[PDB]
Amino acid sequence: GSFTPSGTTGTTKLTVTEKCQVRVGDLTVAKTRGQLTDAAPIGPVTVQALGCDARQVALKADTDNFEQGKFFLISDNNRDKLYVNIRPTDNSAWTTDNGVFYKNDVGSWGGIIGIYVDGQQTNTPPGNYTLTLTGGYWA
């Protein structure tokens, strides 16, 4: 399997807090750790492919966001993980291969990829968490 970077980058951010939550400045995605229940939605990621009639659309996670077939948002200090599941909102079939999430069939797919909490993680340490995904194609 080989991923070819060819596209833009989408960044999913989430600030985890305690019950007493202090929002400073402009609105951003924030949740209390108590809200990090199994399958809790974190946010959608739009995907729009062009010129891929003969390639399999793919998204590659930053090195710090995957390890051992698993994906996760990572804290600013690179220490804490928030495991997630990545799933298209439609019925399309995809595969995971070492940090790469690719579509099973060729074509210029457009769609929404949902990012969901994988397993209850209500003990997550408060902090700023990020998941970075780069567009490209797999073969």
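Here the rigid core means the biggest group of C-alpha atoms that line up within 1.5 Å when the two forms are laid on top of each other. The numbering used is simple: start at 1 and walk along the sequence shown.
Fitting each structure in 5 other deposited structures of this protein onto the rigid core and averaging C-alpha distances over structures and residues, 22 to 30 emerges as the more displaced of 52 to 60 and 22 to 30. Comparing 30 to 38 with 109 to 117, the higher mean C-alpha B-factor in the PDB entry belongs to 30 to 38. The mean C-alpha temperature factor is higher for 64 to 72 when 94 to 102 and 64 to 72 are set side by side. If you compare the C-alpha temperature factors of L82, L59, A54, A49 in the entry, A54 comes out highest.
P126 sits in the middle third of its chain by CA B factor, as recorded in the PDB entry. Among all modelled residues in its chain, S2 ranks in the highest third by Cα B-factor.
Ranked within its chain, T11 lands in the highest third, by CA B factor from the PDB record.
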